[PDB]
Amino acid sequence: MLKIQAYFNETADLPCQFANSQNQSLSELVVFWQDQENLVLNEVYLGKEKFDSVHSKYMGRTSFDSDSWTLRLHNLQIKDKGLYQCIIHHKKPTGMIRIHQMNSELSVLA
């Protein structure tokens, strides 16, 4: 578990650290970022940013870099502290299978 210390009103950059050794198209992956309550901050559904699974309280607050595989959460509040998870799935004909995950613990200092 990676630990990140960030600051109130500023930003957190959370990473997935994914090597794509499996080596496939982002159009073949479902990537999302989940909080400790399993609510979704951000989803990249087969290469397309999606807001269908995103909790309304996270709307507008995040940005996913498809280069670094990193999520930026902006305008941090004390409440934003806790465990975050990056989960990466391969899309199959009938479902999807988890192929990677990375957890970060965030502190938000005053």
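All residue numbers are counted from 1 along the displayed sequence.
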> Can you tell me which stretch has the higher mean Cα B-factor, 91 to 99 or 21 to 29?
Replying inline: 21 to 29
> Which is higher in the entry, the mean Cα B factor of 32 to 40 or that of 55 to 63?
Replying inline: 55 to 63
>> Among the modelled residues of this chain, does the Cα B factor of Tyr84 put it in the lowest, middle or highest third?
In response: lowest
>> Lowest, middle or highest third: which one holds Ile4 when the chain's residues are ordered by CA B-factor from the entry?
In response: lowest
